[PDB]
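Here the structure is laid out as structure tokens; the discussion comes afterwards.
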Amino acid sequence: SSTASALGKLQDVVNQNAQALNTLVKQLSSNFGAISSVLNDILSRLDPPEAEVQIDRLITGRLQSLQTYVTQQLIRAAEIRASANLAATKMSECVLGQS
Amino acid sequence: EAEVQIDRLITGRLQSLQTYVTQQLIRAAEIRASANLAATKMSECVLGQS
Amino acid sequence: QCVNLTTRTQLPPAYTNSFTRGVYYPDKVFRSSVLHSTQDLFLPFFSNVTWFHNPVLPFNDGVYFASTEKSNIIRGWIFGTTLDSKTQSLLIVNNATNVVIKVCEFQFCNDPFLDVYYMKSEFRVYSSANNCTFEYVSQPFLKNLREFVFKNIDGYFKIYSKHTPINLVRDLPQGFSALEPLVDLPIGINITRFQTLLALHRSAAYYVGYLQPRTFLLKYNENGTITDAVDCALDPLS
Amino acid sequence: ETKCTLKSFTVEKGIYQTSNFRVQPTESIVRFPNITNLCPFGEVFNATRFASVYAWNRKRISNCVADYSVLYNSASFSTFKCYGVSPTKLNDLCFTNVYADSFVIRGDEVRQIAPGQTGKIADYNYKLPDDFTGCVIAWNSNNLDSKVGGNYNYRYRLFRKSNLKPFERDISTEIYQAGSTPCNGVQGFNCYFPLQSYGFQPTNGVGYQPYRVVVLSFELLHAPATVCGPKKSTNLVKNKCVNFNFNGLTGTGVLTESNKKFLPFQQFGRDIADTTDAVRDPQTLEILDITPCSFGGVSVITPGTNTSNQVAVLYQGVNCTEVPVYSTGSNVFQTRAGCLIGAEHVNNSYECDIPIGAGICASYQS
Amino acid sequence: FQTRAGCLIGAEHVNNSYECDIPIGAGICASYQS
Amino acid sequence: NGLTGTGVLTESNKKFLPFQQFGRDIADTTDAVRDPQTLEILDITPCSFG
Amino acid sequence: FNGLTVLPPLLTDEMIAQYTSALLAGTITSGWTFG
Amino acid sequence: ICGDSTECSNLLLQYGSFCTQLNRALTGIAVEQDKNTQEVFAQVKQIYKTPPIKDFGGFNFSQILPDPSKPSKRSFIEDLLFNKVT
Amino acid sequence: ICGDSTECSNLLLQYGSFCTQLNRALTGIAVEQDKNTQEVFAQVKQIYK
Ligand SMILES: *[C@@H]1O[C@H](CO)[C@@H](O[C@@H]2O[C@H](CO)[C@@H](O[C@@H]3O[C@H](CO)[C@@H](O)[C@H](O)[C@@H]3O)[C@H](O)[C@H]2NC(C)=O)[C@H](O)[C@H]1NC(C)=O
Ligand SMILES: *[C@@H]1O[C@H](CO)[C@@H](O[C@@H]2O[C@H](CO)[C@@H](O)[C@H](O)[C@H]2NC(C)=O)[C@H](O)[C@H]1NC(C)=O
Ligand SMILES: *[C@@H]1O[C@H](CO)[C@@H](O[C@@H]2O[C@H](CO)[C@@H](O)[C@H](O)[C@H]2NC(C)=O)[C@H](O)[C@H]1NC(C)=O
Ligand SMILES: *[C@@H]1O[C@H](CO)[C@@H](O[C@@H]2O[C@H](CO)[C@@H](O)[C@H](O)[C@H]2NC(C)=O)[C@H](O)[C@H]1NC(C)=O
Ligand SMILES: *[C@@H]1O[C@H](CO)[C@@H](O[C@@H]2O[C@H](CO)[C@@H](O)[C@H](O)[C@H]2NC(C)=O)[C@H](O)[C@H]1NC(C)=O
Ligand SMILES: *[C@@H]1O[C@H](CO)[C@@H](O[C@@H]2O[C@H](CO)[C@@H](O)[C@H](O)[C@H]2NC(C)=O)[C@H](O)[C@H]1NC(C)=O
Ligand SMILES: *[C@@H]1O[C@H](CO)[C@@H](O[C@@H]2O[C@H](CO)[C@@H](O)[C@H](O)[C@H]2NC(C)=O)[C@H](O)[C@H]1NC(C)=O
Ligand SMILES: *[C@@H]1O[C@H](CO)[C@@H](O)[C@H](O)[C@H]1NC(C)=O
Ligand SMILES: *[C@@H]1O[C@H](CO)[C@@H](O)[C@H](O)[C@H]1NC(C)=O
Ligand SMILES: *[C@@H]1O[C@H](CO)[C@@H](O)[C@H](O)[C@H]1NC(C)=O
Ligand SMILES: *[C@@H]1O[C@H](CO)[C@@H](O)[C@H](O)[C@H]1NC(C)=O
Ligand SMILES: *[C@@H]1O[C@H](CO)[C@@H](O)[C@H](O)[C@H]1NC(C)=O
């Protein structure tokens, strides 16, 4: 009841997930080499024959960011699953019997 | 034009660095698993009879 | 129609600290209870601010002007390079009524002055106004700490202002307050120097500082009012 | 749909995901401050006298309602070349502090008015910055600025010590010494007057008939724009998924009344990660809130093609208020996971067969 | 102070040996007292 | 002699042979040069960072 | 070196040897009760 | 990456099938979380209840036993854990 | 990727915060290695002789 910072692991897992989501959603505000960071502006400001190039740059940048996020999520999920297996083994052994 | 040349260099080097980072992450995870196995082996087969 | 002066009065150039003053809203966006980091032109924390008790001083990138004014003696400012009819000049005045902003090739003499007669009517700061460009009139700007920030970027003249009641005598207050935006002028000039306007008794203590480009962190409360800030390039803790 | 997505003619018992759905916008709304002054173009396009190229006339235009259709449809313009934006779209934007420059040049010199161009006028009278954005207009004035005796009132610079920086004006008329002897303001050998005059005659062929040229320079995103286009303001609907164009800032969503307290000099706000959420309409000066239109994936629950053929449909994270042939169907149930149609709720509690979520799931009987 | 990990400034070293609060490296670390 | 770069220069005891003008170790990283005025061998190492 | 660095381990080899020696002495002398 | 734009969707379409497998991974992750929780906790076949009288040889288990008074049906320590972490 | 070039840095900074998250992983790896060693060897409270 009294001591603080007694639940570091759950708090840091939640913080890591929140930070990953935050940086992923923050990555949408970059030019990636194009003339603007928002799609509607370039759609409504000029002729398609260049809008295709701008959209191509946006697409490749956003695809790279999404792939990086997915890979990080997969790694963290694997680690969490291993921890859950260890917890299940401990529950089965040290509760339903004497170790 | 140096802008275009530097753009090419930047994208290539960034992709290579990303690949290296991913490989390092995988290897670190495997090493950590091995370290956990070693730790439990030493805790059980040294401080007592197994 | 302006004359020289006999007494070449000397205002001692004192130096003192800035503490945590010189912060202004940088944009037009409302944010609530959030920490935001931005890089722009600001006055560095704990800098050296100059104190006068109207010599020509450079404008540089931007200026910050503070007055512990009583009775509102100061009337306005002058902006330009050579301060003559040869070069386009800017002149801001705030008398008892609505302010006046003029953009003309004014002919400036040594000491412009407005005079007060003991029924307030006198204006002979300059002599001739040949070619005028812009004219602006709005509400008047004016113990009483008045803080102003002047910037000129890409042909835009930005002015920020803040008014505060104060009771301390000499030292700059050790408090925090953000200068709300006041006006923007869409006129492009190559200004490099500036003056001060005094309405002498025809019957001077203020602080000045410069700006530098750097990064800051601002905190927005639940009501969208800036309440605290941190300067990056100040300390390892920063 | 389940069979198509699963790519098989038989389906095993369980829950499957097929596609997504969204709430489409219904109508559009635009809000602008009621400013109706007509932006002056006749005084600069249909003007009588045009200044010479070495003294190009520059005017600053701001805070006006301008139409570009009248410029675009007219066939009197020989050259209509816009650089920063597509022409047909100038009616769909808003700016402030626009610049208009006007002069008259020789017929052959119209090509010299272009970014990154070199010549005689291009580097001694008028220079276009390499990052120029805007548009250029040129048309014919053979029958307006040519006399039988010839017009000699139009002049241009011919000599200078060096080039000219972009967007500069030179008016000085000083004797230019091209030799190695001071001239002392005496026009003689190797001492030429810097200016020269045109010989516009009605018999002159093309490339010599005078042309009138006006260039328009825009800006993008320096301040709240005031030079808008010909837009008709509309009313304000609420609590519906629509798209909006608030003073040029566009987007789709649902608008609701807000209790947020602004400060007298903002127009809009955002919460985090550059996600605008609050706006202030120019007309009413009222603060609103924007919420993204509803969306979510759909799921099909089936007991197996081997047994029966009746299925249930689940919409994830969607309030049972705007679902839409399966709009009403059977008894519609609302769950913490969304809305489920095609199954009957009971007060029993059995073993879970096909997990659904939030502690509830379905089974077969119906 | 100069350590196998680099150079540390703003701190004073002692000749005692305690538990580790803020690990630094090369078998040494710091704590608060100053 | 047209080869530009930053670093710190020290006297070196590496043994060139009269036709070499510069020497690199690995990954085309130049390490030694022979100045035209003195025809002596030097060593270049990067300035410290961290 | 072109931007890559190596950090030293927190525990030197000497303390690792000390831990190993302490464990070995404890298991020889006290059996397993010290665990 | 498109935000309800037909042109962006059409331009993306000619990149083959990347987002099918991109979307096929998060669902698997969620299913792994669900099965992890289910296999960790579902270890018994029947729900047991303590007798109403509690005389456990002098040991006092009131701290860990669930509290029927609280609507959450949670023990004291469980509520402390639920409240401490933000 | 830049080798002390101002133009390279200016071009790079428009790519977003790739490098912050790139550097944020190696530090975690190093801390994990240190924790691994500490938890695999520091299993006693008193140093015996
Ligand atoms: C400069 O002056 C000329 C000459 O007046 C202007 O051209 C004329 O402009 C008027 C007003 O826009 C046009 O009248 C309208 O024409 C449309 C299309 O035919 C018609 O549907 C309307 O009912 C109305 O009659 C006129 O056609 C047009 N041309 C001529 C030969 O008169 C020009 O617009 C002026 N430009 C500027 C910038 O002031
Ligand atoms: C803005 O004005 C300043 C001076 O008020 C100009 O600086 C001068 O530039 C010339 C040309 O190199 C020098 O010979 C002078 O010595 C400079 N004077 C000072 C006080 O610096 C500056 O060139 C002007 N800028 C523009 C764009 O007109
Ligand atoms: C202000 O503008 C006026 C415009 O008339 C300038 O006055 C002209 O100056 C030229 C210079 O050679 C004279 O030839 C004209 O006779 C003047 N016209 C007049 C006086 O009506 C005046 O020079 C400009 N101001 C400055 C400081 O240049
Ligand atoms: C203060 O300055 C203004 C500058 O315009 C003086 O001019 C009057 O301003 C008021 C306010 O708009 C007008 O209604 C008058 O018509 C202006 N008069 C003149 C002659 O221009 C004003 O007189 C000054 N007030 C003082 C000195 O008390
Ligand atoms: C921020 O805004 C809130 C909401 O307007 C303010 O809370 C109210 O403030 C007034 C002014 O003193 C009080 O009369 C009300 O009783 C307050 N409402 C409450 C307490 O629910 C608040 O004062 C503003 N400032 C800060 C720093 O929060
Ligand atoms: C689905 O939408 C309806 C309609 O808005 C919601 O009903 C509202 O609920 C709020 C919160 O209790 C009340 O303040 C409103 O008066 C209700 N309006 C109506 C017309 O019923 C309903 O709560 C929503 N469902 C969920 C699960 O959020
Ligand atoms: C088990 O312990 C709890 C608390 O440690 C005991 O409950 C307390 O009982 C006393 C006397 O009746 C009260 O004053 C306290 O307020 C109670 N505290 C709580 C948290 O309930 C309980 O009586 C003990 N049980 C046995 C059998 O000894
Ligand atoms: C300003 O500079 C003077 C020396 O010119 C110095 O004595 C004074 O302390 C400084 N004030 C500050 C840094 O606040
Ligand atoms: C809209 O027009 C009416 C007409 O009188 C005016 O009262 C109102 O102020 C206008 N709205 C604005 C300018 O936002
Ligand atoms: C399931 O299908 C098999 C053959 O596909 C059939 O033999 C069996 O009877 C079916 N079971 C049910 C319950 O329909
Ligand atoms: C059974 O569930 C239905 C909902 O379909 C509800 O209307 C009814 O009151 C419930 N009856 C009992 C006895 O719980
Ligand atoms: C010129 O260079 C040669 C070869 O490097 C050298 O031998 C000679 O001393 C140099 N002379 C001078 C004056 O530097």
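By convention here, the chains of the structure tokens are called A, B, ... in the order presented, each chain's residues are numbered starting at 1, and ligands are numbered starting at 1 in the order presented.
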Protein and nucleic residues near ligand 2, 7 Å, only C-alpha atoms and all ligand atoms, as an NGL selection string: :C and (81-82 or 190-192)
Chain F contacts to chain E at 12 Å (only C-alpha atoms) as a PyMOL selection string: chain F and resi 48-50
Within 8 Å of chain C: residues of chain D, using only C-alpha atoms, as a ChimeraX atom specification: /D:97,261-263,265-272
Selected residues written out with N, CA, C and O atoms, as a short mmCIF file (atom, residue, chain, number, x, y, z; two decimals), in the first residue's frame:
```
data_model
loop_
_atom_site.label_atom_id
_atom_site.label_comp_id
_atom_site.auth_asym_id
_atom_site.auth_seq_id
_atom_site.Cartn_x
_atom_site.Cartn_y
_atom_site.Cartn_z
N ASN D 97 -1.90 39.37 -49.63
CA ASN D 97 -0.73 40.12 -50.08
C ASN D 97 -0.24 39.64 -51.45
O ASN D 97 0.87 39.14 -51.61
N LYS D 261 -12.94 26.90 -24.13
CA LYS D 261 -12.79 28.34 -23.99
C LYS D 261 -11.53 28.77 -24.73
O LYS D 261 -10.41 28.51 -24.27
N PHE D 262 -11.71 29.43 -25.87
CA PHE D 262 -10.58 29.91 -26.64
C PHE D 262 -10.07 31.21 -26.02
O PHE D 262 -10.49 31.63 -24.94
N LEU D 263 -9.14 31.86 -26.72
CA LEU D 263 -8.58 33.15 -26.38
C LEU D 263 -8.76 34.03 -27.61
O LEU D 263 -8.75 33.52 -28.74
N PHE D 265 -7.66 35.48 -29.98
CA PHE D 265 -6.94 35.53 -31.25
C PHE D 265 -6.62 34.18 -31.89
O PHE D 265 -5.77 34.14 -32.78
N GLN D 266 -7.26 33.09 -31.48
CA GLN D 266 -7.14 31.86 -32.27
C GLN D 266 -8.37 31.64 -33.13
O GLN D 266 -9.41 32.29 -32.98
N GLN D 267 -8.25 30.69 -34.06
CA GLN D 267 -9.34 30.32 -34.94
C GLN D 267 -9.59 28.82 -34.89
O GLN D 267 -10.69 28.35 -35.19
N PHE D 268 -8.57 28.05 -34.51
CA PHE D 268 -8.68 26.60 -34.46
C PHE D 268 -7.63 26.07 -33.50
O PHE D 268 -6.69 26.77 -33.12
N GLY D 269 -7.80 24.80 -33.11
CA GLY D 269 -6.90 24.17 -32.17
C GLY D 269 -6.77 22.68 -32.42
O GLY D 269 -7.54 22.08 -33.18
N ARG D 270 -5.77 22.09 -31.77
CA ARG D 270 -5.49 20.67 -31.92
C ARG D 270 -5.10 20.12 -30.55
O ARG D 270 -4.65 20.85 -29.67
N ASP D 271 -5.30 18.81 -30.39
CA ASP D 271 -5.05 18.14 -29.12
C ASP D 271 -3.62 17.61 -29.01
O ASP D 271 -2.89 17.99 -28.09
N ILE D 272 -3.21 16.74 -29.94
CA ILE D 272 -1.87 16.18 -29.92
C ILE D 272 -1.59 15.58 -31.29
O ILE D 272 -2.52 15.24 -32.03
#
```
Interface residues on chain I facing chain A, 9 Å, only C-alpha atoms, written as a PyMOL selection string: chain I and resi 11+14-18+21
Written file, previous selection with C-alpha atoms, as a tab-separated table (two decimals), in the first residue's frame:
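Final output, again03.tsv:
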```tsv
chain	number	residue	atom	x	y	z
I	11	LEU	CA	18.17	16.91	-46.18
I	14	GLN	CA	12.89	16.14	-43.32
I	15	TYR	CA	12.65	12.32	-43.15
I	16	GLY	CA	11.11	12.40	-39.67
I	17	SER	CA	12.25	10.91	-36.39
I	18	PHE	CA	13.80	7.74	-37.76
I	21	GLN	CA	13.86	5.54	-32.46
```
Test item: chain G residues at most 8 Å from chain B, counting only C-alpha atoms, as a ChimeraX atom specification: /G:27,32,34-35
All residues having an atom within 10 Å of ligand 4 (only C-alpha atoms and all ligand atoms) as a ChimeraX atom specification: /C:93-101,114,116,119-123,136-140
Would you export the selected residues with C-alpha atoms as a short mmCIF file (atom, residue, chain, number, x, y, z; two decimals), in the first residue's frame, please?
```cif
data_model
loop_
_atom_site.label_atom_id
_atom_site.label_comp_id
_atom_site.auth_asym_id
_atom_site.auth_seq_id
_atom_site.Cartn_x
_atom_site.Cartn_y
_atom_site.Cartn_z
CA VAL C 93 2.90 57.23 -32.55
CA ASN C 94 0.39 56.69 -29.73
CA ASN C 95 -1.06 59.94 -28.40
CA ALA C 96 -4.08 60.27 -26.11
CA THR C 97 -6.31 58.87 -28.89
CA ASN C 98 -6.06 56.13 -31.53
CA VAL C 99 -2.54 55.19 -32.65
CA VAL C 100 -1.04 56.24 -35.99
CA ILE C 101 1.35 54.14 -38.08
CA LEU C 114 6.06 66.08 -29.53
CA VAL C 116 3.02 69.41 -24.30
CA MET C 119 -5.47 71.74 -25.05
CA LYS C 120 -2.76 69.25 -26.08
CA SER C 121 -1.65 70.25 -29.59
CA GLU C 122 1.87 70.05 -31.04
CA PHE C 123 3.52 67.84 -33.68
CA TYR C 136 -2.76 52.56 -40.15
CA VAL C 137 -5.04 53.64 -37.30
CA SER C 138 -6.31 51.49 -34.42
CA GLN C 139 -7.01 51.57 -30.69
CA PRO C 140 -4.49 53.32 -28.41
#
```
Selection within 8 Å of ligand 8 by only C-alpha atoms and all ligand atoms, output as a PyMOL selection string: chain C and resi 15-18+46-49
Selection above as a file: N, CA, C and O atoms, as a compact mmCIF listing (two decimals), in the first residue's frame:
```txt
# COMPACT_ATOMS: atom_id res chain seq x y z
N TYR C 15 23.42 47.67 -16.91
CA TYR C 15 23.24 46.30 -17.36
C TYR C 15 22.64 45.49 -16.22
O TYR C 15 23.05 45.64 -15.06
N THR C 16 21.66 44.64 -16.54
CA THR C 16 21.07 43.81 -15.50
C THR C 16 20.56 42.52 -16.13
O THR C 16 20.75 42.27 -17.32
N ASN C 17 19.92 41.69 -15.31
CA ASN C 17 19.50 40.35 -15.72
C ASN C 17 18.10 40.38 -16.32
O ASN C 17 17.30 41.28 -16.05
N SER C 18 17.81 39.36 -17.13
CA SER C 18 16.50 39.21 -17.74
C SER C 18 15.61 38.21 -17.00
O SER C 18 14.38 38.31 -17.11
N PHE C 46 18.11 34.64 -18.53
CA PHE C 46 19.18 35.21 -17.70
C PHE C 46 20.23 35.93 -18.56
O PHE C 46 21.43 35.84 -18.31
N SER C 47 19.76 36.65 -19.57
CA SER C 47 20.65 37.39 -20.44
C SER C 47 20.98 38.75 -19.82
O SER C 47 20.63 39.05 -18.68
N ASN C 48 21.67 39.59 -20.60
CA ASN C 48 22.05 40.92 -20.16
C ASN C 48 21.18 41.94 -20.88
O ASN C 48 21.35 42.18 -22.08
N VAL C 49 20.24 42.53 -20.15
CA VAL C 49 19.33 43.54 -20.68
C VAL C 49 19.86 44.92 -20.30
O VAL C 49 20.37 45.12 -19.18
```
DSSP helix (DSSP H, G or I) residues within chain A, listed as an NGL selection string: :A and (8-29 or 39-45 or 48-94)
Would you write out those residues with C-alpha atoms, as a CSV table (one decimal), in the first residue's frame?
```
chain,number,residue,atom,x,y,z
A,8,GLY,CA,7.4,-1.2,-12.8
A,9,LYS,CA,7.0,-3.9,-15.4
A,10,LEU,CA,3.3,-3.4,-16.3
A,11,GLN,CA,3.8,0.4,-16.3
A,12,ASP,CA,6.8,0.2,-18.6
A,13,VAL,CA,5.1,-2.2,-21.0
A,14,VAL,CA,2.1,0.2,-21.2
A,15,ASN,CA,4.5,3.2,-21.7
A,16,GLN,CA,6.3,1.4,-24.5
A,17,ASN,CA,3.1,0.6,-26.3
A,18,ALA,CA,1.8,4.2,-25.9
A,19,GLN,CA,5.1,5.6,-27.1
A,20,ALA,CA,5.2,3.4,-30.2
A,21,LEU,CA,1.6,4.4,-31.1
A,22,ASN,CA,2.5,8.1,-30.4
A,23,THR,CA,5.6,8.1,-32.7
A,24,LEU,CA,3.7,6.2,-35.4
A,25,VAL,CA,0.9,8.8,-35.4
A,26,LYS,CA,3.4,11.6,-35.2
A,27,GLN,CA,5.3,10.3,-38.3
A,28,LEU,CA,2.3,11.5,-40.5
A,29,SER,CA,3.5,15.1,-40.3
A,39,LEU,CA,-2.7,15.1,-49.2
A,40,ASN,CA,-5.7,17.3,-49.8
A,41,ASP,CA,-3.6,20.4,-50.4
A,42,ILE,CA,-1.5,18.8,-53.2
A,43,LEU,CA,-4.6,17.2,-54.7
A,44,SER,CA,-6.5,20.6,-54.8
A,45,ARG,CA,-3.5,22.8,-55.7
A,48,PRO,CA,-2.4,15.3,-61.5
A,49,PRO,CA,0.7,14.8,-63.7
A,50,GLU,CA,2.7,16.0,-60.7
A,51,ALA,CA,0.3,14.9,-58.0
A,52,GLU,CA,1.1,11.3,-58.9
A,53,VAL,CA,4.8,11.9,-58.1
A,54,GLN,CA,3.9,13.7,-54.8
A,55,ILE,CA,1.5,10.9,-53.8
A,56,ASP,CA,4.2,8.3,-54.7
A,57,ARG,CA,6.7,9.9,-52.3
A,58,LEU,CA,4.1,10.1,-49.5
A,59,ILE,CA,3.1,6.4,-50.1
A,60,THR,CA,6.6,5.1,-49.9
A,61,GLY,CA,7.5,7.0,-46.8
A,62,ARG,CA,4.3,6.0,-44.9
A,63,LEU,CA,4.7,2.4,-46.0
A,64,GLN,CA,8.3,2.3,-44.6
A,65,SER,CA,7.1,3.8,-41.3
A,66,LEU,CA,4.2,1.3,-41.0
A,67,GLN,CA,6.5,-1.7,-41.7
A,68,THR,CA,8.9,-0.6,-39.0
A,69,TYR,CA,6.0,-0.3,-36.5
A,70,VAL,CA,4.7,-3.7,-37.4
A,71,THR,CA,8.1,-5.4,-37.0
A,72,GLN,CA,8.6,-3.8,-33.5
A,73,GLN,CA,5.1,-4.9,-32.5
A,74,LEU,CA,5.8,-8.5,-33.6
A,75,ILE,CA,9.1,-8.6,-31.5
A,76,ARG,CA,7.4,-7.2,-28.4
A,77,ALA,CA,4.5,-9.7,-28.8
A,78,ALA,CA,6.9,-12.6,-29.0
A,79,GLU,CA,8.6,-11.5,-25.8
A,80,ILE,CA,5.3,-11.0,-24.0
A,81,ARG,CA,4.2,-14.5,-25.1
A,82,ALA,CA,7.3,-16.0,-23.7
A,83,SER,CA,6.7,-14.2,-20.4
A,84,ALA,CA,3.1,-15.5,-20.3
A,85,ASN,CA,4.3,-19.0,-20.9
A,86,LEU,CA,6.7,-18.7,-17.9
A,87,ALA,CA,3.9,-17.3,-15.7
A,88,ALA,CA,1.5,-20.1,-16.7
A,89,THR,CA,4.2,-22.7,-15.8
A,90,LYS,CA,4.7,-21.0,-12.4
A,91,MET,CA,0.9,-21.0,-11.8
A,92,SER,CA,0.6,-24.7,-12.6
A,93,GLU,CA,3.6,-25.8,-10.5
A,94,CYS,CA,3.7,-23.6,-7.4
```
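Atom to atom, CA of residue 229 (chain D) and CA of residue 95 (chain D) stand 9.0 Å apart.
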All residues having an atom within 10 Å of ligand 12 (only C-alpha atoms and all ligand atoms) as a VMD selection string: chain F and resid 35 to 40
Residue selection dump (C-alpha atoms) as a compact mmCIF listing (two decimals), in the first residue's frame:
```
# COMPACT_ATOMS: atom_id res chain seq x y z
CA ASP F 35 53.22 15.65 -48.81
CA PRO F 36 54.60 17.02 -52.11
CA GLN F 37 56.81 19.63 -50.43
CA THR F 38 58.64 17.30 -48.01
CA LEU F 39 58.05 13.80 -49.46
CA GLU F 40 57.60 12.52 -45.90
```
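Using only C-alpha atoms and all ligand atoms, we find that the residues with an atom at most 12 Å from any atom of ligand 1 are residues 38, 39, 40, 41, 42, 43, 44, 45, 46, 47, 48, 66, 67, 68, 69, 70, 71, 72, 73, 74, 75, 76, 77 and 214 of chain D.
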Please produce a file of the residues just selected, as a short mmCIF file (atom, residue, chain, number, x, y, z; two decimals), in the first residue's frame, where the atoms kept are C-alpha atoms.
```
data_model
loop_
_atom_site.label_atom_id
_atom_site.label_comp_id
_atom_site.auth_asym_id
_atom_site.auth_seq_id
_atom_site.Cartn_x
_atom_site.Cartn_y
_atom_site.Cartn_z
CA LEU D 38 -15.10 43.34 -55.59
CA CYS D 39 -11.37 42.96 -56.12
CA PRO D 40 -10.06 45.53 -58.65
CA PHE D 41 -8.73 44.02 -61.88
CA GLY D 42 -10.13 46.39 -64.51
CA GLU D 43 -8.02 49.25 -63.17
CA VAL D 44 -4.89 47.16 -63.83
CA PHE D 45 -5.97 45.08 -66.87
CA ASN D 46 -8.21 47.56 -68.73
CA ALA D 47 -5.98 50.52 -67.85
CA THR D 48 -5.09 53.15 -70.42
CA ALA D 66 -11.32 38.17 -56.77
CA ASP D 67 -12.62 36.12 -59.70
CA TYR D 68 -10.30 34.42 -62.18
CA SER D 69 -12.97 32.99 -64.49
CA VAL D 70 -13.19 36.31 -66.34
CA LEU D 71 -9.44 36.09 -66.95
CA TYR D 72 -9.47 32.42 -67.93
CA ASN D 73 -12.37 32.43 -70.41
CA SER D 74 -11.24 35.51 -72.35
CA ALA D 75 -9.50 34.69 -75.63
CA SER D 76 -7.70 38.05 -75.91
CA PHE D 77 -4.69 36.66 -74.00
CA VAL D 214 1.24 41.46 -66.42
#
```
Proximity check chain G to region 33-45 of chain I, 10 Å, nearest pairs one decimal Å, only C-alpha atoms, as CSV:
```
residue,atom,partner,partner_atom,distance
G:9,CA,I:34,CA,7.2
G:10,CA,I:34,CA,6.7
G:11,CA,I:38,CA,8.1
G:15,CA,I:41,CA,9.8
G:16,CA,I:41,CA,7.2
G:17,CA,I:41,CA,9.9
G:19,CA,I:41,CA,6.9
G:20,CA,I:41,CA,7.9
G:22,CA,I:44,CA,8.2
G:23,CA,I:44,CA,7.5
G:26,CA,I:44,CA,9.6
G:34,CA,I:44,CA,9.0
G:35,CA,I:44,CA,8.0
```
At most 12 Å from ligand 10 (only C-alpha atoms and all ligand atoms): residue list as JSON, numbers by chain: {"D": [9, 10, 11, 12, 13, 303, 304, 305, 306, 307, 308, 309]}
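For region 18-24 of chain E, the non-local neighbours within 10 Å, defined as residues at least 6 positions apart in the same chain or in other chains and counting only C-alpha atoms, are residues 3, 5, 8, 30, 31 and 32 of chain E; 8, 9, 10 and 11 of chain G.
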Cut-off 10 Å, only C-alpha atoms and all ligand atoms, neighbours of ligand 9 as an MDAnalysis selection string: chainID D and resid 31:36 233 281:285
With C-alpha atoms kept, could you save the residues just selected as a compact mmCIF listing (two decimals), in the first residue's frame?
```
# COMPACT_ATOMS: atom_id res chain seq x y z
CA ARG D 31 -18.29 29.25 -44.14
CA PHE D 32 -16.73 32.60 -45.03
CA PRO D 33 -16.87 36.07 -43.47
CA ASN D 34 -19.39 38.31 -45.20
CA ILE D 35 -16.97 40.43 -47.22
CA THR D 36 -18.34 41.55 -50.57
CA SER D 233 -21.31 31.01 -48.07
CA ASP D 281 -16.52 29.67 -37.74
CA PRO D 282 -15.81 33.14 -39.22
CA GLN D 283 -19.46 34.24 -39.30
CA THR D 284 -20.91 33.35 -35.89
CA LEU D 285 -17.52 33.32 -34.09
```
Polymer residues at most 9 Å from residue 228 (chain D), only C-alpha atoms, same-chain spacing of 5 or more positions, as a VMD selection string: chain D and resid 63 to 67 91 to 96 247 to 248
Exercise answer, 6 Å around ligand 3 with only C-alpha atoms and all ligand atoms, as a ChimeraX atom specification: /C:85-86,130-131
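Straight-line separation from CA of residue 12 (chain E) to CA of residue 237 (chain C): 18.8 Å.
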Atom-to-atom span, CA of residue 37 (chain A) and CA of residue 5 (chain I), Å: 25.2 Å
Protein and nucleic residues near ligand 6, 8 Å, only C-alpha atoms and all ligand atoms, as a VMD selection string: chain D and resid 319 to 321 334 to 336
